[PDB]
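Below is one structure, written out as structure tokens, with a few remarks after it.
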Amino acid sequence: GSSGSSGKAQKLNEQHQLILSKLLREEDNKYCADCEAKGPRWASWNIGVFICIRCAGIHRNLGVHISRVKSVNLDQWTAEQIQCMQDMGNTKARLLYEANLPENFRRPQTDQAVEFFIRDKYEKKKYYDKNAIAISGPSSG
Ligand SMILES: [Zn+2]
């Protein structure tokens, strides 16, 4: 029996640190966006998805230009990055990155693979669906 009666965001206004948690709570962000681990603490804002500690390490390798890894709380954040977390989040991330995946796709369990999978997945953008972002048009600001 889930009584509920929990959700007074109103009071928690202008509170990012919290918002971040609200997302993870969602089943969509309840597991890593790669290894689908249990309890994805760390999170990659540059991309807009929550990842575990193990994977996080790989992201760093990619480069501060490809993906920036940082702590969800232990580290500081900014509205600019916050909005992104939601704008993208794991939801879209799947409909984007996990869009060009094979019918019998299966997340890697061993690091030896994960490291690459994520790399060739994001770095190489192998399973990257560009069609989605087909609204590219830089105009006067
Ligand atoms: Zn992971």
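Residues are named by chain letter and number: chains run A, B, ... in the order of the structure tokens, numbers start at 1 in each chain, and ligands are numbered from 1 in the order shown.
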
Taking 6 positions as the minimum chain separation for residues in the same chain, which residues sit within 10 Å of region 49-57 of chain A when counting only C-alpha atoms? Answer as a short mmCIF file (atom, residue, chain, number, x, y, z; two decimals) with N, CA and C atoms, in the first residue's frame.
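The result, stored in out-v6.cif:
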```cif
data_model
loop_
_atom_site.label_atom_id
_atom_site.label_comp_id
_atom_site.auth_asym_id
_atom_site.auth_seq_id
_atom_site.Cartn_x
_atom_site.Cartn_y
_atom_site.Cartn_z
N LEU A 20 17.76 16.50 -9.80
CA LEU A 20 18.59 15.39 -10.27
C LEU A 20 18.09 14.06 -9.69
N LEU A 23 14.78 12.61 -11.09
CA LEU A 23 14.97 11.90 -12.35
C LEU A 23 15.37 10.44 -12.11
N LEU A 24 16.47 10.25 -11.40
CA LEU A 24 16.96 8.91 -11.09
C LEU A 24 15.82 8.03 -10.57
N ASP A 28 12.98 5.09 -15.74
CA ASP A 28 13.77 5.38 -16.93
C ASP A 28 15.22 5.68 -16.55
N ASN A 29 15.41 6.27 -15.37
CA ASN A 29 16.75 6.61 -14.90
C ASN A 29 17.08 5.85 -13.62
N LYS A 30 16.54 4.64 -13.50
CA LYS A 30 16.78 3.81 -12.33
C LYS A 30 18.00 2.92 -12.53
N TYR A 31 18.45 2.81 -13.77
CA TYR A 31 19.61 1.99 -14.10
C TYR A 31 20.50 2.69 -15.13
N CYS A 32 21.78 2.35 -15.12
CA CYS A 32 22.74 2.94 -16.05
C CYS A 32 22.17 2.97 -17.47
N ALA A 33 22.73 3.84 -18.30
CA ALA A 33 22.28 3.97 -19.69
C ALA A 33 23.11 3.09 -20.62
N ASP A 34 23.97 2.26 -20.03
CA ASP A 34 24.82 1.37 -20.81
C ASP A 34 24.77 -0.05 -20.25
N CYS A 35 25.31 -0.24 -19.06
CA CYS A 35 25.32 -1.55 -18.42
C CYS A 35 24.04 -1.78 -17.63
N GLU A 36 23.16 -0.79 -17.64
CA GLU A 36 21.89 -0.89 -16.92
C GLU A 36 22.11 -1.39 -15.50
N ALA A 37 23.14 -0.87 -14.85
CA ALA A 37 23.46 -1.26 -13.48
C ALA A 37 22.33 -0.88 -12.52
N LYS A 38 22.52 -1.18 -11.24
CA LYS A 38 21.52 -0.87 -10.23
C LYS A 38 22.01 0.24 -9.31
N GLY A 39 21.50 1.45 -9.53
CA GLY A 39 21.90 2.58 -8.71
C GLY A 39 22.96 3.44 -9.37
N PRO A 40 22.63 3.98 -10.55
CA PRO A 40 23.56 4.83 -11.31
C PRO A 40 23.78 6.18 -10.65
N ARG A 41 24.75 6.23 -9.73
CA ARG A 41 25.06 7.47 -9.02
C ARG A 41 25.54 8.54 -9.99
N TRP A 42 26.78 8.41 -10.45
CA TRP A 42 27.37 9.37 -11.38
C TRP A 42 26.41 9.67 -12.52
N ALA A 43 26.66 10.76 -13.23
CA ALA A 43 25.82 11.16 -14.35
C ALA A 43 26.58 12.07 -15.31
N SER A 67 32.53 13.74 -23.96
CA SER A 67 31.66 13.55 -22.80
C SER A 67 32.38 13.95 -21.52
N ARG A 68 31.74 14.79 -20.72
CA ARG A 68 32.31 15.26 -19.47
C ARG A 68 31.70 14.52 -18.28
N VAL A 69 32.55 13.83 -17.52
CA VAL A 69 32.09 13.08 -16.36
C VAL A 69 32.26 13.89 -15.08
N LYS A 70 31.22 13.90 -14.25
CA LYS A 70 31.26 14.64 -12.99
C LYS A 70 30.24 14.07 -12.00
N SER A 71 30.52 14.24 -10.71
CA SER A 71 29.62 13.74 -9.67
C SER A 71 28.29 14.48 -9.70
N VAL A 72 27.22 13.77 -9.37
CA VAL A 72 25.88 14.35 -9.36
C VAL A 72 25.73 15.36 -8.23
N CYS A 84 19.52 20.42 -19.39
CA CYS A 84 19.96 19.39 -20.32
C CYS A 84 19.59 18.00 -19.80
N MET A 85 19.94 17.73 -18.55
CA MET A 85 19.64 16.43 -17.94
C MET A 85 18.21 16.00 -18.27
N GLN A 86 17.27 16.92 -18.15
CA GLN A 86 15.87 16.63 -18.44
C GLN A 86 15.61 16.61 -19.94
N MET A 88 17.35 15.92 -22.37
CA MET A 88 17.82 14.67 -22.96
C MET A 88 17.44 13.49 -22.08
N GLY A 89 18.11 13.36 -20.94
CA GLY A 89 17.83 12.27 -20.03
C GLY A 89 18.02 10.91 -20.68
N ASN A 90 17.80 9.85 -19.91
CA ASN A 90 17.95 8.49 -20.42
C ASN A 90 16.86 8.17 -21.44
N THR A 91 15.66 8.68 -21.19
CA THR A 91 14.53 8.44 -22.08
C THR A 91 14.95 8.60 -23.54
N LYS A 92 15.20 9.83 -23.95
CA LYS A 92 15.61 10.12 -25.33
C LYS A 92 16.90 9.38 -25.67
N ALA A 93 17.87 9.43 -24.76
CA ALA A 93 19.15 8.76 -24.97
C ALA A 93 18.95 7.38 -25.59
N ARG A 94 17.94 6.66 -25.11
CA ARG A 94 17.65 5.32 -25.62
C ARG A 94 17.05 5.39 -27.02
N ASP A 111 33.96 -5.50 -18.58
CA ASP A 111 34.54 -4.20 -18.91
C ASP A 111 35.23 -4.24 -20.27
N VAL A 114 32.51 -3.38 -22.44
CA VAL A 114 31.87 -2.12 -22.10
C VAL A 114 32.68 -0.93 -22.60
N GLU A 115 33.92 -0.83 -22.16
CA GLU A 115 34.80 0.26 -22.56
C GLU A 115 34.62 0.57 -24.05
N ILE A 118 30.70 1.44 -25.31
CA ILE A 118 30.41 2.85 -25.05
C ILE A 118 31.17 3.75 -26.01
#
```

Considering only alpha helix (DSSP H) as DSSP defines it on the backbone, what residues of chain A qualify? List them as an mmCIF file with N, CA and C atoms, in the first residue's frame.
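So the final result, stored in states_14.cif, reads:
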```
data_model
loop_
_atom_site.group_PDB
_atom_site.id
_atom_site.type_symbol
_atom_site.label_atom_id
_atom_site.label_comp_id
_atom_site.auth_asym_id
_atom_site.auth_seq_id
_atom_site.Cartn_x
_atom_site.Cartn_y
_atom_site.Cartn_z
ATOM 1 N N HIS A 16 18.209 22.432 -7.747
ATOM 2 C CA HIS A 16 18.695 21.473 -8.732
ATOM 3 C C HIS A 16 19.063 20.151 -8.068
ATOM 4 N N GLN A 17 20.019 20.204 -7.145
ATOM 5 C CA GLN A 17 20.464 19.009 -6.438
ATOM 6 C C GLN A 17 19.319 18.017 -6.271
ATOM 7 N N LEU A 18 18.141 18.531 -5.934
ATOM 8 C CA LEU A 18 16.965 17.688 -5.743
ATOM 9 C C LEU A 18 16.457 17.154 -7.078
ATOM 10 N N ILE A 19 16.190 18.062 -8.011
ATOM 11 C CA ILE A 19 15.701 17.681 -9.330
ATOM 12 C C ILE A 19 16.437 16.454 -9.855
ATOM 13 N N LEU A 20 17.763 16.496 -9.798
ATOM 14 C CA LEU A 20 18.585 15.385 -10.266
ATOM 15 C C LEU A 20 18.091 14.061 -9.692
ATOM 16 N N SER A 21 17.761 14.067 -8.404
ATOM 17 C CA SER A 21 17.275 12.865 -7.735
ATOM 18 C C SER A 21 15.925 12.437 -8.300
ATOM 19 N N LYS A 22 15.023 13.399 -8.456
ATOM 20 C CA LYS A 22 13.693 13.125 -8.988
ATOM 21 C C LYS A 22 13.780 12.306 -10.273
ATOM 22 N N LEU A 23 14.779 12.608 -11.094
ATOM 23 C CA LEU A 23 14.974 11.898 -12.354
ATOM 24 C C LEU A 23 15.366 10.445 -12.106
ATOM 25 N N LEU A 24 16.474 10.249 -11.400
ATOM 26 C CA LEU A 24 16.956 8.907 -11.091
ATOM 27 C C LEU A 24 15.824 8.028 -10.569
ATOM 28 N N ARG A 25 14.975 8.605 -9.725
ATOM 29 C CA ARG A 25 13.850 7.875 -9.155
ATOM 30 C C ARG A 25 13.036 7.189 -10.249
ATOM 31 N N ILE A 53 29.524 4.102 -11.824
ATOM 32 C CA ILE A 53 30.906 4.496 -11.580
ATOM 33 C C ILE A 53 31.849 3.844 -12.587
ATOM 34 N N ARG A 54 31.692 2.538 -12.776
ATOM 35 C CA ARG A 54 32.529 1.795 -13.711
ATOM 36 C C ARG A 54 32.546 2.470 -15.079
ATOM 37 N N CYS A 55 31.367 2.629 -15.670
ATOM 38 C CA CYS A 55 31.246 3.259 -16.979
ATOM 39 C C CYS A 55 31.823 4.672 -16.959
ATOM 40 N N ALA A 56 31.434 5.450 -15.955
ATOM 41 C CA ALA A 56 31.914 6.820 -15.819
ATOM 42 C C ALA A 56 33.383 6.927 -16.213
ATOM 43 N N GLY A 57 34.194 5.997 -15.717
ATOM 44 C CA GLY A 57 35.611 6.007 -16.028
ATOM 45 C C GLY A 57 35.878 6.017 -17.520
ATOM 46 N N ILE A 58 35.134 5.199 -18.258
ATOM 47 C CA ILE A 58 35.296 5.117 -19.704
ATOM 48 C C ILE A 58 35.000 6.458 -20.368
ATOM 49 N N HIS A 59 33.889 7.073 -19.975
ATOM 50 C CA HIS A 59 33.492 8.363 -20.529
ATOM 51 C C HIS A 59 34.657 9.348 -20.499
ATOM 52 N N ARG A 60 35.306 9.455 -19.344
ATOM 53 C CA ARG A 60 36.435 10.363 -19.183
ATOM 54 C C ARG A 60 37.462 10.154 -20.291
ATOM 55 N N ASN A 61 37.746 8.892 -20.598
ATOM 56 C CA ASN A 61 38.711 8.557 -21.639
ATOM 57 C C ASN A 61 38.341 9.224 -22.960
ATOM 58 N N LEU A 62 37.070 9.126 -23.330
ATOM 59 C CA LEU A 62 36.586 9.721 -24.572
ATOM 60 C C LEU A 62 37.167 11.117 -24.769
ATOM 61 N N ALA A 79 22.319 25.592 -13.926
ATOM 62 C CA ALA A 79 21.035 25.529 -14.613
ATOM 63 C C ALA A 79 21.205 25.054 -16.052
ATOM 64 N N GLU A 80 22.156 25.656 -16.761
ATOM 65 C CA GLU A 80 22.417 25.294 -18.149
ATOM 66 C C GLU A 80 22.545 23.781 -18.302
ATOM 67 N N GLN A 81 23.327 23.167 -17.420
ATOM 68 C CA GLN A 81 23.535 21.725 -17.459
ATOM 69 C C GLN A 81 22.302 20.984 -16.952
ATOM 70 N N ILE A 82 21.651 21.550 -15.941
ATOM 71 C CA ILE A 82 20.457 20.943 -15.365
ATOM 72 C C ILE A 82 19.392 20.708 -16.432
ATOM 73 N N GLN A 83 18.937 21.790 -17.053
ATOM 74 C CA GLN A 83 17.918 21.701 -18.094
ATOM 75 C C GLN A 83 18.241 20.580 -19.076
ATOM 76 N N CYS A 84 19.522 20.423 -19.387
ATOM 77 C CA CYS A 84 19.963 19.388 -20.316
ATOM 78 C C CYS A 84 19.588 18.002 -19.803
ATOM 79 N N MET A 85 19.935 17.726 -18.550
ATOM 80 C CA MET A 85 19.635 16.435 -17.941
ATOM 81 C C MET A 85 18.212 15.995 -18.273
ATOM 82 N N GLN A 86 17.268 16.921 -18.150
ATOM 83 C CA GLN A 86 15.869 16.628 -18.436
ATOM 84 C C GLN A 86 15.613 16.610 -19.940
ATOM 85 N N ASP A 87 16.014 17.681 -20.616
ATOM 86 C CA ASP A 87 15.829 17.788 -22.058
ATOM 87 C C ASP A 87 16.203 16.483 -22.753
ATOM 88 N N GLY A 89 18.111 13.363 -20.937
ATOM 89 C CA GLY A 89 17.832 12.268 -20.028
ATOM 90 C C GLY A 89 18.019 10.912 -20.679
ATOM 91 N N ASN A 90 17.799 9.851 -19.909
ATOM 92 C CA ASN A 90 17.948 8.493 -20.417
ATOM 93 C C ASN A 90 16.860 8.172 -21.437
ATOM 94 N N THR A 91 15.656 8.677 -21.188
ATOM 95 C CA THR A 91 14.530 8.444 -22.085
ATOM 96 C C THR A 91 14.947 8.596 -23.542
ATOM 97 N N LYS A 92 15.200 9.834 -23.954
ATOM 98 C CA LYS A 92 15.610 10.115 -25.325
ATOM 99 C C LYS A 92 16.898 9.376 -25.671
ATOM 100 N N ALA A 93 17.868 9.430 -24.764
ATOM 101 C CA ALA A 93 19.146 8.762 -24.972
ATOM 102 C C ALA A 93 18.951 7.382 -25.592
ATOM 103 N N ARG A 94 17.945 6.660 -25.109
ATOM 104 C CA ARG A 94 17.652 5.324 -25.616
ATOM 105 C C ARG A 94 17.054 5.392 -27.018
ATOM 106 N N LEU A 95 16.105 6.300 -27.206
ATOM 107 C CA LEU A 95 15.452 6.467 -28.500
ATOM 108 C C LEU A 95 16.411 7.074 -29.519
ATOM 109 N N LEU A 96 17.598 7.450 -29.056
ATOM 110 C CA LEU A 96 18.607 8.043 -29.928
ATOM 111 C C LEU A 96 19.789 7.097 -30.115
ATOM 112 N N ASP A 111 33.963 -5.502 -18.582
ATOM 113 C CA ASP A 111 34.537 -4.201 -18.907
ATOM 114 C C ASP A 111 35.226 -4.236 -20.268
ATOM 115 N N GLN A 112 36.115 -5.207 -20.451
ATOM 116 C CA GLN A 112 36.844 -5.349 -21.706
ATOM 117 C C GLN A 112 35.969 -4.953 -22.891
ATOM 118 N N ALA A 113 34.678 -5.254 -22.794
ATOM 119 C CA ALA A 113 33.736 -4.928 -23.857
ATOM 120 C C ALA A 113 33.098 -3.562 -23.624
ATOM 121 N N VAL A 114 32.514 -3.380 -22.444
ATOM 122 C CA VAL A 114 31.868 -2.119 -22.098
ATOM 123 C C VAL A 114 32.676 -0.930 -22.605
ATOM 124 N N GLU A 115 33.923 -0.833 -22.155
ATOM 125 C CA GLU A 115 34.799 0.258 -22.563
ATOM 126 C C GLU A 115 34.624 0.570 -24.047
ATOM 127 N N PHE A 116 34.759 -0.456 -24.881
ATOM 128 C CA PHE A 116 34.618 -0.293 -26.323
ATOM 129 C C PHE A 116 33.181 0.069 -26.692
ATOM 130 N N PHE A 117 32.248 -0.809 -26.342
ATOM 131 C CA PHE A 117 30.838 -0.584 -26.637
ATOM 132 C C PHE A 117 30.483 0.894 -26.502
ATOM 133 N N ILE A 118 30.701 1.443 -25.313
ATOM 134 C CA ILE A 118 30.405 2.846 -25.053
ATOM 135 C C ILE A 118 31.174 3.755 -26.007
#
```
